[PDB]
Structure formats: structure tokens, C-alpha cells
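Accompanying notes for the structure given below.
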Amino acid sequence: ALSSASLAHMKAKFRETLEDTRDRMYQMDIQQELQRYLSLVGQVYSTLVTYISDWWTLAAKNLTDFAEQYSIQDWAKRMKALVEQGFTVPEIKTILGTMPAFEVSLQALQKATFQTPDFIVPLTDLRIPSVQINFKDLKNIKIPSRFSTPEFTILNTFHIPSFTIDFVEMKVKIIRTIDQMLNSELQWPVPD
Amino acid sequence: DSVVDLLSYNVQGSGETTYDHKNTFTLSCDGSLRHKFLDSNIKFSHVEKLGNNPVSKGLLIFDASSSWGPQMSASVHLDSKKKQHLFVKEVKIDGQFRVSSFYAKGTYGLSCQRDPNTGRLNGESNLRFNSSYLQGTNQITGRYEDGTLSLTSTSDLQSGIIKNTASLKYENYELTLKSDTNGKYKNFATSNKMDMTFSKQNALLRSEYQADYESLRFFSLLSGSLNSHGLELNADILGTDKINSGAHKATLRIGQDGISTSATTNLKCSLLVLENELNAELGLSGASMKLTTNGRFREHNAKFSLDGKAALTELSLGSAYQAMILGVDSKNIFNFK
């Protein structure tokens, strides 16, 4: 039933499917998929920035034209002040640290400029500063490949040293699973 | 402020909290309740150094003196320093409380000495509680030398009338827990030593118990172990006394080959003997059973047997029983295939 005259086409098609599947899972790796997702997110972010930049101008022109005929310019000015200016949260002094001042508005989001928190975790060897993040270009920003935990002491009794949690190990494990699955074909079961 | 004593009072409390950017911390929690029935004096110190030499210090001074007889006091001393690089931590906690005639005091002492260079830790703890009608005394010690833990537990229950000692061993990823509990109340010569040990596939299970009350020398044994292929377990229970004796043996074999069990029970009551034996095997070749039980009373006896063989090829069920009861020749032959 699996090796008749009409089954050679099925066998060849399944072999081709296994090869194409292997080609695809050669690509859905850890770092490959991370880079592809970040690049796609950056591209769609830039396209959305352009579209919103056009649409804000168009809507402002429409609102100005409508207000110059119905004497409702006060509401238009209120909306422009509330949207264009937004609100600027100043530097925040907390136990985690000093948060730099940031303005939430429409232009700050158009420019894609994020101030990461500048916090200092006590009893740690690694510090995380306020790193500028650009959302338009994410394929090259904050790429998790090499990560290691800092050494820390809790309750003055539990001292955990540095452990390197690195994505190359998981990528190797995934590739091994890919090879193991590809090497396994589906055939007629054995009598055992 | 008023002409009435009960109306005049004082309630106050300081909520000090200071952080210097030198990674310096300071906490003050003050409390003073000035009243006609209770004179509370609460104050707690806690200062921490988040920079170099992370010394941990904390002092609690609790002074709530009531003006009606109850006098409460307690002090907490938190000592945690970094001796050059060796970490020395000392905990001194005492709670002292009496009202008019009742006494209540439980003292505690903790000492920890850990070597981060070698992973060695030395943990020493002391417990003593004294009351008007209660005595508490416990000690705990442990030796964690980088994976090798040597835990020893012991306590003195009501001046040690009930003795409980425990021993925990975990080395090279092999857990081993040993403990004992004994009782010295009245004739209750109770003594149980529970024991349990672990491995990667097997974990031995043994336990014993002796009641030993007056003339009752009761014993029960539980013996079993676990594998990836089957579960053997054997419960052995012996209740013996001056005249009668309760003897039961439980045998349980479980494996891929078949199900085999043997619950053997015998009783001896002076002029009465009764023994209770079964053979129940359940394998792939069919169910085979055997029942063995005979009634021995004085002279009159009731000998009985029962066999069975449940197999697809053929069923073997035979029965036979005979007795001389009251001089009567009772007998049956019940065999059929």
C-alpha cells in the first residue's frame, strides 16, 4: 500500500516537502528570526511614521479650514495644544535611580527616540544605563545573543556567581532538533 | 491638656527615613504612648550601608509597661558584619513576658559562619523556652561545605519526656533523611525510627514502630522500595501479648512479570489456632489463586483449602473441606473443570 505504482509520486513529494521544511527551519533560528523580526518592525515603524506625519498635517489643515467657517477655533487650538505638546514628565528620583525627563507627544514618537531607565540594582556587578533606543532601526539595537547574570548576594547568605545565559546554546539545540526530526522519516510500522 | 487625667494623654511617633547618595541608609521608628494604663516605649534602629562593607544592623527596644500589673519587654539585636571577607552574622532575640504570676520566656541564639572562598558554611542555632508550666529546649546545627550538608536536629519536649532527634544527609546529589521519635509518658515505651533515602531511580522506604505498653509488645514493619519497573512493598505487623498473639505478614510483589501478593496472618488464642494465608498471582498466563486457612480449636479442627486457575485454555476451580466437629464426619468434594 505504500510502494504501489501510485505511491512513487507521494514519496517524491514527501521528500521534497522534507527538504523544503529543512530549508525553512534552517532560517527560523534564534538570531536569524530575531534579526528578521526586528528589521520588519523597524520597516513598518518607519512607514507608519511617514504615514502619521502626512495624516497629522492633513487633519490639521482640514480642522483649520473647518474652524475658519464655523467659529470653533478655540476647540481646535485646545486640541492642538493638547496633542502637539503632550506632557513632559521630569527626572524622577526613586529607589531604582534617576529617570531622565521625557516628553510624551506626537513628534517625540515620530522621531522614535526612547530613553531607557537609568537604574542601579544594588549588590550587582552589571549596571544598566539610560540607552537611547531608535524604533525605526531595531535590527541593530539591543540584540540578545550574549547575556550573563551579574553576581549577587541575598540575605548575606546566598551568593550567586555570574552565569552566561547565551542564545548560541539554544540555537545549537534547536539545530540539533531540526537535524533529528529531518533524519526521521515516516514509513510503514515494524511488526515489533 | 485638660483637668481630667483620663482625657489627658500623649500619642507620638517618629517616621524618620534617610538615604544619603553615598549608598547610606538610616531608619528610625520611634513610639511613645503616654497613658494612664500602659506606658509604651517603642523604638527600632535599622541602618544599612549599601556601599563598601555591607554591615547589617538592627536594634529593637520594646518597653510597654502597663500600670495594672502586666509588664512586657523585648529587645531584638541584629548583628551582621563582614569580617575582612569572612561574613559573621549574630542574631540575639529575647522575649520576656509576665503578668502577675505566670512566667513566659523564650531565648534564642543564632550564629552563622560561611566561607565563600570554599563554599563552607557553619550554621549554629539555639532555642530555649521557659514557662510556668512549659519547658522548651532545642538546638539545630548544620555544616554546608559547598554541597555537602550535615544537618542535625534535636529537641527536648516538656523537659525531654518526648525525645525527637533528626539527621539530614545530602551529599553528591543523594538525599538521606534519618530521624527518631521516642515517648516516655506512663507505660508508653514508644520508639519509632523513620528512615528514608533517595537516589536517581530508587528511594528505599523502611519504617518500624514499637508500642510496648504493659504486656503488649506490638510491632509493625513497613518495607518497600521503588524502581522504574515495579513496586515491591512488605508490611509486617506483629502484635504479641501475654496469652494471645496477633501475627500478620503482608507481601506485595508488583512487576511486569505479574501481580503476586501474600497476606499471611496467624492468630494464637490459647486453645484456638487460626492461620490466614492466600496465594494470589496475576500474570499474563492467567489468574492463579490459592486460599489456605484451618480452624484449630482445642481438638476440633476445620481444615480448609481453596485453589483456582483462571486461564483461557482451561479453568481449574476445585473445593474440598472436612472436619471432625462434635464427632460429626463433615466432608465435601467440590471439584469441577
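Labels for the C-alpha cells follow display order: chains A, B, ..., residues from 1 in each chain, ligands from 1.
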
Can you work out which residues from chain B touch chain A at a cut-off of 8 Å (counting only C-alpha atoms) and hand them back as a ChimeraX atom specification? /B:50,87,114

Please produce an output containing C-alpha atoms for each residue in the selection, written as a PDB file, in the first residue's frame.
ATOM      1  CA  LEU B  50      24.886  49.923  50.507  1.00  0.00           C
ATOM      2  CA  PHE B  87      30.898  37.004  56.853  1.00  0.00           C
ATOM      3  CA  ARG B 114      30.212  30.833  55.982  1.00  0.00           C
TER       4      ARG B 114
END

Per residue of segment 17-43 of chain A within 12 Å of segment 48-59 of chain A, which atom pair is closest and at what distance in Å (one decimal), using only C-alpha atoms, listed by chain and increasing number, as CSV?
residue,atom,partner,partner_atom,distance
A:41,CA,A:48,CA,10.3
A:42,CA,A:48,CA,9.7
A:43,CA,A:48,CA,8.6

Atom pair atom CA of residue 16 of chain B / atom CA of residue 47 of chain B: separation (Å):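 Pair atom CA of residue 16 of chain B / atom CA of residue 47 of chain B returns 11.6 Å.
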
Please identify all polymer residues within 9 Å of residue 46 of chain A, counting only C-alpha atoms, omitting same-chain residues fewer than 6 positions from it, and present them as a ChimeraX atom specification. /A:110,112,135-137

Let's have the selection written as a PDB file, in the first residue's frame, with N, CA and C atoms.
ATOM      1  N   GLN A 110       7.167  60.382  16.616  1.00  0.00           N
ATOM      2  CA  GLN A 110       7.568  60.401  15.211  1.00  0.00           C
ATOM      3  C   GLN A 110       9.067  60.191  15.063  1.00  0.00           C
ATOM      4  N   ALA A 112      11.048  58.624  17.094  1.00  0.00           N
ATOM      5  CA  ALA A 112      11.434  57.306  17.600  1.00  0.00           C
ATOM      6  C   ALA A 112      12.694  57.391  18.463  1.00  0.00           C
ATOM      7  N   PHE A 135      13.348  53.290  17.372  1.00  0.00           N
ATOM      8  CA  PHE A 135      12.416  52.262  16.932  1.00  0.00           C
ATOM      9  C   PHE A 135      12.435  52.063  15.423  1.00  0.00           C
ATOM     10  N   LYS A 136      12.842  53.080  14.659  1.00  0.00           N
ATOM     11  CA  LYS A 136      12.910  52.929  13.209  1.00  0.00           C
ATOM     12  C   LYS A 136      13.960  51.901  12.810  1.00  0.00           C
ATOM     13  N   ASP A 137      15.068  51.840  13.542  1.00  0.00           N
ATOM     14  CA  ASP A 137      16.140  50.880  13.288  1.00  0.00           C
ATOM     15  C   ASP A 137      16.281  49.996  14.524  1.00  0.00           C
TER      16      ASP A 137
END

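One finds atom CA of residue 221 of chain B at 25.2 Å from atom CA of residue 270 of chain B.
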
Nearest residue to residue 106 of chain A out of A:87, A:119, A:45, A:14, using only C-alpha atoms?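 When distances to residue 106 of chain A are compared using only C-alpha atoms, the smallest one comes from A:87.
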
Minimum-distance residue to residue 102 of chain B, chosen among B:88, B:134, B:271, B:302 (using only C-alpha atoms): B:134

Polymer residues at most 8 Å from segment 143-148 of chain A, only C-alpha atoms, same-chain spacing of 5 or more positions, as a ChimeraX atom specification: /A:31,34-35,162-168

Write out as a PyMOL selection string each polymer residue whose atoms come within 12 Å of residue 53 of chain B, counting only C-alpha atoms; drop sequence neighbours fewer than 5 positions from it. (chain A and resi 123+156) or (chain B and resi 23-24+48+80-88)

DSSP on the backbone: which residues in chain A end up as strand (DSSP E)? Give the answer as a short mmCIF file (atom, residue, chain, number, x, y, z; two decimals) with C-alpha atoms, in the first residue's frame.
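Below is the file that was written, selection.cif:
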data_model
loop_
_atom_site.label_atom_id
_atom_site.label_comp_id
_atom_site.auth_asym_id
_atom_site.auth_seq_id
_atom_site.Cartn_x
_atom_site.Cartn_y
_atom_site.Cartn_z
CA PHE A 87 3.23 66.29 28.72
CA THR A 88 6.84 66.29 29.93
CA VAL A 89 7.50 64.07 32.94
CA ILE A 92 12.15 61.01 38.69
CA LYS A 93 14.17 60.33 41.86
CA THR A 98 17.25 58.78 38.39
CA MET A 99 14.84 58.66 35.47
CA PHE A 102 10.80 62.54 28.83
CA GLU A 103 8.09 64.28 26.83
CA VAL A 104 5.13 62.26 25.56
CA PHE A 114 13.32 56.38 23.74
CA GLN A 115 15.25 57.00 26.96
CA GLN A 132 18.91 55.70 23.56
CA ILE A 133 16.60 53.42 21.56
CA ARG A 146 25.31 37.13 24.74
CA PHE A 147 23.78 37.67 28.17
CA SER A 148 25.31 36.94 31.56
CA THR A 149 23.86 37.35 35.02
CA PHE A 152 24.68 38.99 43.60
CA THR A 153 24.31 38.29 47.33
CA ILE A 154 20.90 37.91 49.00
CA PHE A 158 23.06 33.24 49.13
CA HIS A 159 25.79 34.41 46.74
CA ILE A 160 25.03 33.55 43.10
CA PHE A 163 26.11 32.63 34.69
CA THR A 164 26.24 33.20 30.94
CA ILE A 165 22.74 32.64 29.52
CA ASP A 166 23.66 32.76 25.84
#
